[PDB]
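One structure below.
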Amino acid sequence: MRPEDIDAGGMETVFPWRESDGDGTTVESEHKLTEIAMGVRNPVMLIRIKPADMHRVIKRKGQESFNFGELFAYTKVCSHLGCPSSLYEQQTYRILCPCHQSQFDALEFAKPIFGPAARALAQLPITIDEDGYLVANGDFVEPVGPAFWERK
Amino acid sequence: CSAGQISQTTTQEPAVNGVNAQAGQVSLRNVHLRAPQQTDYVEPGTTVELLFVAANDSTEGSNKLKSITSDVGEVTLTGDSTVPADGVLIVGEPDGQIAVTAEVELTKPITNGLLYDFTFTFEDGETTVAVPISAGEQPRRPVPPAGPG
Amino acid sequence: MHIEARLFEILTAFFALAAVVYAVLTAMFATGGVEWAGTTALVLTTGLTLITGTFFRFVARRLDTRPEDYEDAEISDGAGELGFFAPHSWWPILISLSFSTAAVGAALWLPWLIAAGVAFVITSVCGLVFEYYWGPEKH
Amino acid sequence: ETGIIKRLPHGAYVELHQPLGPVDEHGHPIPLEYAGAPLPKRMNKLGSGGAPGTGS
Amino acid sequence: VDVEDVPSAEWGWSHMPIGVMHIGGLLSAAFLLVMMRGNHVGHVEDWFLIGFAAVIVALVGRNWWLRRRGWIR
Amino acid sequence: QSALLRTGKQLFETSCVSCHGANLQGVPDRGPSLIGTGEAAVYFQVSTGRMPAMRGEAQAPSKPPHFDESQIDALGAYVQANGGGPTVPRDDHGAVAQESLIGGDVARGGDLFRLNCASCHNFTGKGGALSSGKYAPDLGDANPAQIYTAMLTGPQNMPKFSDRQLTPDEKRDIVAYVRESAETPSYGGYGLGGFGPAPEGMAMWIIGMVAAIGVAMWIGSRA
Amino acid sequence: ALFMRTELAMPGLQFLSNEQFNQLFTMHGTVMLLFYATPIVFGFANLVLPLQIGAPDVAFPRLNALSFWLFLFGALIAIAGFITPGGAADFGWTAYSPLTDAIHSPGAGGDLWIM
Amino acid sequence: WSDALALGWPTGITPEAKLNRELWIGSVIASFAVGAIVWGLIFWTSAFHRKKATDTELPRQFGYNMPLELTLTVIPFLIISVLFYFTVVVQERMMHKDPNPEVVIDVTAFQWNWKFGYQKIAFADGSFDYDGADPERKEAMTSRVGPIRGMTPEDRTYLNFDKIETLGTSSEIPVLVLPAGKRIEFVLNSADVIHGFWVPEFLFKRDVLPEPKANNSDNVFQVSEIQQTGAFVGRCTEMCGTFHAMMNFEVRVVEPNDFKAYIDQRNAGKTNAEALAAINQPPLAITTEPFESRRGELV
Ligand SMILES: CCCCCCCCCCC(=O)OC[C@H]1O[C@H](O[C@@H]2[C@H](O)[C@@H](O)[C@H](O)[C@@H](O[C@H]3O[C@H](CO[C@H]4O[C@H](CO[C@H]5O[C@H](CO)[C@@H](O)[C@H](O)[C@@H]5O[C@H]5O[C@H](CO)[C@@H](O)[C@H](O)[C@@H]5O)[C@@H](O)[C@H](O)[C@@H]4O)[C@@H](O)[C@H](O)[C@@H]3O)[C@@H]2OP(=O)(O)OC[C@@H](COC(=O)CCCCCCCC[C@H](C)CC)OC(=O)CCCCCCCCCC)[C@@H](O)[C@@H](O)[C@@H]1O
Ligand SMILES: CCCCCCCCCCCCCCCC(=O)OC[C@H]1O[C@H](O[C@@H]2[C@H](O)[C@@H](O)[C@H](O)[C@@H](O[C@H]3O[C@H](CO)[C@@H](O)[C@H](O)[C@@H]3O)[C@@H]2OP(=O)(O)OC[C@@H](COC(=O)CCCCCCCC[C@H](C)CCCCCCCC)OC(=O)CCCCCCCCCCCCCCC)[C@@H](O)[C@@H](O)[C@@H]1O
Ligand SMILES: CCCCCCCCCCCCCCCC(=O)OC[C@H]1O[C@H](O[C@@H]2[C@H](O)[C@@H](O)[C@H](O)[C@@H](O[C@H]3O[C@H](CO)[C@@H](O)[C@H](O)[C@@H]3O)[C@@H]2OP(=O)(O)OC[C@@H](COC(=O)CCCCCCCC[C@H](C)CCCCCCCC)OC(=O)CCCCCCCCCCCCCCC)[C@@H](O)[C@@H](O)[C@@H]1O
Ligand code: HEC
Ligand code: HEC
Ligand SMILES: CCCCCCCCCCCCC
Ligand code: FES
Ligand SMILES: [Ca+2]
Ligand SMILES: [Cu+2]
Ligand SMILES: [Cu+2]
């Protein structure tokens, strides 16, 4: 995927893919891609903030450089119970979870603003390589998904 | 409750890649840069196009556009940059348009996804826009086919 | 009950006169010709008083003077059973709830809610009609 | 309460009641004691409506 | 309770202590007030919570005052 | 065509200046700029009847259109001439393409719809509620052109899927699934709205339990 | 009416929007004319009219009770437009056409007002 | 004083307004005279017929005065009959239309603003003739079987279009320029809903309807002349939606020579604001100003 493939106000689900994963033509390649698809913490939402709204973005400590300009990547797994929160409203910049109605402010580092969610969605650092393809700029700085007793 | 002074529909921005700007009395709409890309950067020396529409809020007098500057290169204005009394001034010819143009000679590399500051002066106000790069109706560039891994 | 229909015949004559006058006055020197909405309403407004008045005229000439139609009747003249009057019923509130359910379905255009409301109204109306006619359980 | 309203010669309006037990010499029924069982409230449920008639 | 208030007082459970309803109402209003603590950014809901809590507190206080003065039993 | 442009502006002046401005720059707190939205946005917003809007609320609802096909094209051309933008697909005769937009791979469209649309529009485009007064309307009434333009322009809260994020062939596959999932009859009886367990539980309580209790009354005795 | 009258005290919109004010006089008038004045006509009728004519009851006691509940639930349906996000009816109690058409009044508040 | 008895009625700038104002003052005087009599009778019996402390027997039980009753039904009939005659006289004068107006104005009302077009100008002295009819844009609206007499509800052919048109904006109040002392004809057509064409100084208004001919509405009214120059506000009176209170307009009255100069400027491609400045007039409306676009003070 490339940064110009997504317009302002658009959202797209992305998955962690490597060169060695292959195109799925080979039997071992299919199993590797199947594992990517069924990974419960794999899906990530890529949103492109409208440039006129970039002044309203509030950065989280330790995540000020996690965005490639106006492209932001947040985990698709809701922090409450693990449902995919993929109801992205482009104008209000709200991420709504269809399971228990949790709402996250995409401008304020996906901080929850409604529902039973109390923790913000993890942000994935992103960048581009020499060929211009969007790649991850590291790993999540916090665990992804529902919380547990041993978390943080 | 949702029909009060704070309304969700009324404050919505256009679903376009351009940027709105207020240059004192001139409304800058759909401000974006056209720059086809091949690699991670558009190298210096490449000529790109800056496209926008200037709207005259006032309806009594006229206005003229001068001195578009940016820290990405030099911007050249060709044509009659005067906006009429209550009309528009279309700078650039975007895709889907069946002649004022803004030609930018790059000094430092640019890439789609970031914001680059541009300065607009007409006669009564100088503002910064932070213009983005917008691919228009161009098709998705082909991706080389991955191997078996 | 000669006064009751005389009230309706008096209203009938005025409504008939107004309906005729309005139709003629709108046919001439009025843009668009006869104004149909008001003329139709006035003509059938006469019909409302005509049907009620005619029925009361037929009922009046059948039965003789009632105690409440007498100019010098005694209270003891009305002794006897008056008729059946329902002592209590919770069916009327169910009928309104049934009708309100259908109206809400029609307002939001939910055909399933409209169908439920119509079925509720029929069941609720059936209960009101059959309330004082159901026999004892048979076992 | 049978639902039938009767006008007395002096103008009183009274409703005919169906006693469920013994009555007084004046005609008013003797009050009965609650026994935890349902009590009839409609005359038609007590058989006052009769039967329409045997046949198809 | 007496049979004059509840006719079938001897046929089943017919009395609930007034202290249970009074304390429950006060805990009812307190739970509404603590729910303003949350992630919601609007305050329309907060005023609704305040109004309902105030109504519940007023009802509990009126009942307690009337029972204390002896106007109701 | 100069005839189409002046007709569109003439229609625009008495219907779209109060909220969008005379020069399409937008009226603050009343309406956004129409520069660069393109003919596709105008086609969707007018043919679906969403525009002209009547008031400010959580979400502008759909209603009967205020213009016919010829006036929609004129309005689209006028807005298109101001800023450019995406255009509605057209067939050989120049009319708005409807049948040619139906893709041939409905299985691919189903997976794409479930990845990209099901979240807001439900498993079978029945609609879904959004945050505060907003909602994803049922998709059973939109023609293929309207679905294509909605995916292109991203109206209100729907993401503006570009031709690079979703290729024309992918969009045609999605509208094929949208059009077929709405025209496919239910196989196990009445569909009950297709909303899942919620109508199913309501139907049980109001039909089966009512019948079961009603039958119990008939067999059983009172008191 | 207190909300409107407070808003009209000073020029400029202090706390109400145009839409909310439009909904206010529509519903204010609907409630006063159809939900207060018309029913209380029958309010005084059930109080004294059988007494005034020396009657023991109305002609149809169950139909009389049906009117009250039809009136209470019908009024609640129209008022229930205020809980919708769009709001209640805003075209005035006169409901002049074609302002009440689905093109110009697409909200569900107007439909609840009609039903 | 006539101003006190007018109860806020503007003086008027047209002879029809003057005649209407004269009828209003006389009717108010008649109404006040009747009200004073009835209020005095109510106050008289309330102050002098109260129960005293030295009365034991009930008052005289009279409840029928036939001669008084018959008299009290004729006097109100006479007053309304007199008022009806003057009412009929005034409305005939106000609704009278001359077959040869000097200025014809096309008034187009829409949600939520105004558009003013100059259909035809024909001065009675022959010093100015102009035909502003634009039939090549009226035939472009036709939409066509059709649900209504072969036409779809989007026909819009009932509207009128002109070469010189003043179009209203959200940040620019539309100003209509008219000559003083000339007969003006107003043709009212509404695009969408019903609006209201009210100039308070005209002391007259008429509703602006879509498809006025199909609704049997006479959408044309004339004023004999405007007796003074200046600027007068105009407001919408018919509930037309969200911005029913924010679509005011202004009527600017200038001298015949000034009006001719203004029309020439408009014919020369000048906008309404600069053409007004060309005749030494304020470019914007002075009686009213555009409303702030913000939905309120809390935004
Ligand atoms: C009585 C109940 C009332 C409550 C009070 C009593 C309990 C309160 C007392 C304590 C207590 O709760 O104990 C019970 C629990 O015990 C065991 O939990 C302990 C501990 O608590 C957990 O927090 C901890 O997380 C567990 O380590 C796992 O993660 C470790 C890492 O994590 C740390 O980092 C996390 C996130 O960050 C990092 O994330 C990733 C980690 O790599 C990487 O991405 C990355 O490195 C990142 O780091 C960054 O850091 C910096 C950034 O700035 C920079 O450097 C870099 O940038 C870098 O990137 C945080 O989120 C975490 O919080 C944490 O800080 C790994 O290191 C480990 O390898 C492993 O994976 C750990 O487990 P351990 O060590 O394996 O075992 C020990 C032993 C438990 O000791 C006890 O005291 C037991 C007795 C007391 C409890 C009751 C039992 C006895 C009573 C009787 C039996 C009754 C009759 O085990 C056991 O016997 C457990 C047996 C089962 C229970 C039986 C109950 C009885 C059964 C019947 C009922 C687990 O079993 C839990 O399931 C269990 O609940
Ligand atoms: C006596 C009995 C009943 C009496 C009640 C009748 C009178 C009540 C009076 C209420 C006032 C009416 C005003 C209506 C108009 C209105 O509302 O327009 C105001 C604007 O406000 C919001 O903008 C705020 C700003 O203007 C913006 O500048 C700002 O930006 C924005 O900030 C948010 O938004 C930003 C985004 O921009 C974010 O950045 C930011 O972070 C934040 O989120 C602001 O928003 P926010 O704080 O949400 O405030 C919203 C409204 C809030 O509404 C409301 O009235 C809520 C309704 C409450 C009603 C109470 C319920 C009663 C229940 C029943 C009666 C119980 C049953 C009884 C039982 C039976 C009886 C047995 C005895 O505030 C107010 O009006 C003030 C509230 C004061 C009311 C006091 C009443 C309390 C109850 C007391 C009762 C005591 C009783 C005791 C008895 C003894 C937006 O909505 C705007 O569009 C809107 O335009
Ligand atoms: C003893 C007891 C035992 C008996 C129990 C059995 C009872 C069941 C009886 C019924 C069985 C019917 C079998 C046939 C099945 C069938 O062949 O099915 C046809 C098709 O039909 C629907 O297609 C519609 C169109 O044809 C499509 O063109 C259109 O596209 C589609 O639209 C959907 O799709 C669009 C995108 O495509 C979306 O845009 C859109 O929004 C929507 O989703 C449409 O569907 P829709 O609008 O759903 O309804 C339309 C319904 C209208 O509703 C209804 O049936 C409502 C009524 C039933 C529904 C269930 C009850 C609801 C209960 C609620 C709880 C009510 C709430 C109350 C609240 C109170 C409590 C709360 C606290 O019209 C009809 O069928 C008319 C038929 C009416 C027949 C009535 C039966 C008569 C019985 C008489 C018995 C006499 C016996 C006497 C003996 C003596 C869809 O289903 C299709 O899939 C389906 O294929
Ligand atoms: C005020 C009541 C409006 C009128 C009258 C018209 N429009 Fe509008 N429009 C309005 C708003 C508040 C919005 C934004 C939110 C929404 O409901 O979509 C819009 C949106 C549009 C768009 C979409 C813009 C985008 O970003 O792509 C278009 C193309 C549009 N409006 C066109 C349009 C036309 C042609 C109108 C005259 C028929 C018209 N609008 C009237 C507010 C209002
Ligand atoms: C939630 C964030 C959405 C996602 C993801 C998708 N859609 Fe959507 N859609 C959404 C809304 C809120 C609306 C209404 C907008 C309006 O301006 O009123 C829509 C609208 C449509 C429509 C138009 C439907 C009509 O009324 O007939 C269509 C055809 C549609 N949406 C289709 C669609 C598809 C195919 C999507 C996957 C790419 C999709 N939507 C995503 C909300 C959301
Ligand atoms: C120049 C303005 C003078 C104010 C006139 C006020 C008239 C008051 C009339 C009161 C009538 C009450 C019935
Ligand atoms: S799963 Fe996202 S809200 Fe509970
Ligand atoms: Ca104010
Ligand atoms: Cu208007
Ligand atoms: Cu108006």
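Across peptide C:91-102, the average count of Cβ atoms from other chains found within 10 Å of a residue's Cβ is 5. Considering only Cα atoms, the convex hull volume of the range H:120-221 works out to 147 Å³ per residue. Of the beta bridges in the range B:13-149, as assigned by DSSP with both residues counted there, near 90 percent are antiparallel. Annotation: amide H of H:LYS120 within the under-5 Å range of H:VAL104, H:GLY132, sequence separation 5 or more or interchain, hydrogens built in the peptide plane. When every Cα-Cα distance of the range B:13-149 is counted in 5 angstrom steps from zero, the calculated P(r) takes the values 2, 9, 19, 22, 18, 13, 7, 4, 2, 1, 1, 1, 0, 0 percent. For C:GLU4 and A:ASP129, the FRET efficiency from 1/(1 + (r/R0)^6), where r spans their Cβ atoms and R0 equals 56 Å, is about 0.05. Helix content alone sets the calculated 222 nm mean residue ellipticity of chain G: runs of n ≥ 4 DSSP H residues at -39500 (n - 2.57) each, divided across all residues, give -16000 deg cm²/dmol.
Dividing the convex hull volume of the alpha-carbon atoms in the range C:1-117 by its residue count gives 187 Å³ per residue.
Net charge near B:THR59, counting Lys/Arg +1 and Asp/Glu -1 over other residues with Cβ under 12 Å of its Cβ? Display every interim value, and only then the final one.
Details: positive: H:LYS270; negative: B:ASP57, B:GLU60, B:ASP86, H:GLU172, H:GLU274.
Local charge sum for B:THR59: -4.
Quick check: from the Cα gyration tensor, does chain E come out rounded (a/c under 1.5), prolate or oblate? In terms of gyration-tensor shape, prolate. Axis angle, to the nearest 10 degrees, between helix F:209-219 and the longest C-alpha principal axis of chain F: 30 degrees. DSSP finds beta bridges in the protein assembly as shown, and of those with both partners inside it, around 85 percent are antiparallel. Taking the Cα centre of the protein assembly as shown as origin and assigning +1 to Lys and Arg Cβ atoms and -1 to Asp and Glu Cβ atoms, the resulting dipole is close to 3080 debye. Ordering F:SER162, F:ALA182, F:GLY201 by the projection of their Cα atoms onto the charge dipole of the range F:143-223, which places +1 on the Cβ of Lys and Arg and -1 on the Cβ of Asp and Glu, puts F:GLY201 at the extreme positive end.
Residues within the reach of a label modelled at H:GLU255 (point 7 angstrom out along Cα to beta-carbon, backbone nitrogen below 19 Å), restricted to the range H:163-187, are H:177-183. Looking at chain H only, what percent of DSSP beta bridges run antiparallel? Nearest 5 please. DSSP beta bridges in chain H are roughly 70 percent antiparallel. Each peptide in C:80-93, A:7-20 was scored by the mean count of other Cβ atoms within 10 Å over its residues; highest first, the order is A:7-20, C:80-93. Taking amide H as placed 1.01 Å from N in the peptide plane, B:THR76 has its amide H under 5 Å from the amide H of B:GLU103, B:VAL104, B:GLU105, each at least 5 places away in sequence or on another chain. The tail of the calculated P(r) for the protein assembly as shown, taken as Cα-Cα distances beyond 58 Å, holds 35 percent of the pairs.
Evaluate the relative contact order of chain A (contact order divided by residue number), counting alpha-carbon pairs under 8 angstrom at least 6 apart; express in whole percent.
21 percent
Between the range F:28-52 and the range A:34-64, the alpha-carbon centres lie 29 Å apart. Sites listed here are GluC sites (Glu not before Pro) in the range A:69-150 whose DSSP assignment is loop and whose Cβ has at most 10 other Cβ atoms within 10 Å: A:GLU130, A:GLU150. Between the range A:83-97 and the range C:62-125, the alpha-carbon centres lie 52 Å apart.
Taken one residue at a time, the phi angles of the range C:57-73 give Karplus couplings (6.51, -1.76, 1.60, θ = phi - 60°) of 5, 6, 5, 5, 6, 7, 8, 6, 4, 8, x, 7, 9, 8, 8, 7, 8 Hz. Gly and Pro are set to x.
Rounded to the nearest whole Hz, the Karplus-based 3J(HN,Hα) values (6.51 cos²θ - 1.76 cosθ + 1.60, θ = phi - 60°) of the range F:108-125 follow the sequence 5, x, x, 5, 5, 5, 5, 6, 10, 10, 3, 4, 9, 8, 6, 2, 10, x, with x at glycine and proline. Per residue of peptide D:4-12, the mean number of Cβ atoms on other chains within 10 Å of the residue Cβ is 6. Can you spot the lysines whose alpha carbon is less than 20 Å from F:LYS126's alpha carbon? Ignore those fewer than 8 places along the same chain. Cα-Cα hits under 20 Å: F:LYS63, F:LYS134, F:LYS171.
Membrane-span-like helices of chain G, defined as complete DSSP H segments with a Cα extent of 24 Å or more along the helix axis and a mean Kyte hydropathy of at least 1.0, are identified as G:61-79. Each Cα pair under 8 Å and six or more residues apart adds its sequence gap; the mean of these over the residue count of chain C is a relative contact order of 19 percent. When the alpha-carbon atoms of chain A are used, the pair Rg, Dmax equals 15.6, 48 angstrom.
Over chain E, what is the relative contact order in whole percent, taking alpha-carbon pairs under 8 Å and six or more residues apart? Can you show the working numbers first?
Values: 36 pairs, mean separation 20.1, N = 73.
Once divided by the residue count of chain E, the mean separation gives 28 percent.
Peptide C:124-135 has a mean shielding of 3, counted as Cβ atoms of other protein chains within 10 Å of each residue's Cβ. Of G:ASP101, G:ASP57, G:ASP90, which has the largest mean-square fluctuation in a 10 Å C-alpha GNM of chain G? Its mean-square fluctuation being the largest, the pick is G:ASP57. Counting each pair of different Cα atoms once, what's the Kirkwood radius of chain G in Å, rounded to one decimal? Averaging 1/r across every pair of different Cα atoms and inverting gives 16.3 Å.
Determine the alpha carbon to alpha carbon distance for each of H:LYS138/H:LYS260; A:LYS76/F:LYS160; H:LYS97/H:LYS270; A:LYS61/B:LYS108; A:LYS59/A:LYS152 and list only those over 28 Å. In this structure, H:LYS97/H:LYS270; A:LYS61/B:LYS108 exceed 28 Å between Cα atoms. A straight Cα-to-Cα reach below 19 Å connects D:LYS41 with the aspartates and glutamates C:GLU131, C:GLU137, D:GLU1, D:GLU15, D:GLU33, residues fewer than 8 places away in its own chain not being considered.
Distant-in-sequence amide contacts of C:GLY32, defined by a placed amide H-H separation under 5 Å and a gap of 5 or more residues or a different chain, comprise nothing. Normalised Debye scattering of chain H at q = 0.06, 0.09, 0.12 Å⁻¹ gives log10 I(q)/I(0) of -0.31, -0.59, -0.89, counting only Cα atoms as equal scatterers and leaving out solvent. Derived scalar couplings between HN and Hα for the range B:79-88 equal x, 7, 7, 8, 8, x, 4, 10, x, 10 Hz in order, rounded to whole Hz, by the Karplus curve 6.51 cos²θ - 1.76 cosθ + 1.60 (θ = phi - 60°), x for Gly and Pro.
Against chain F, whose longest principal axis is taken from its Cα atoms, helix F:38-47 shows a tilt of about 50°.
In this analysis, Cβ positions are derived from the backbone assuming ideal geometry, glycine residues included, and neighbour counts consider all displayed protein chains. Read the figures in this text as sums done on the coordinates, not as results from a lab.
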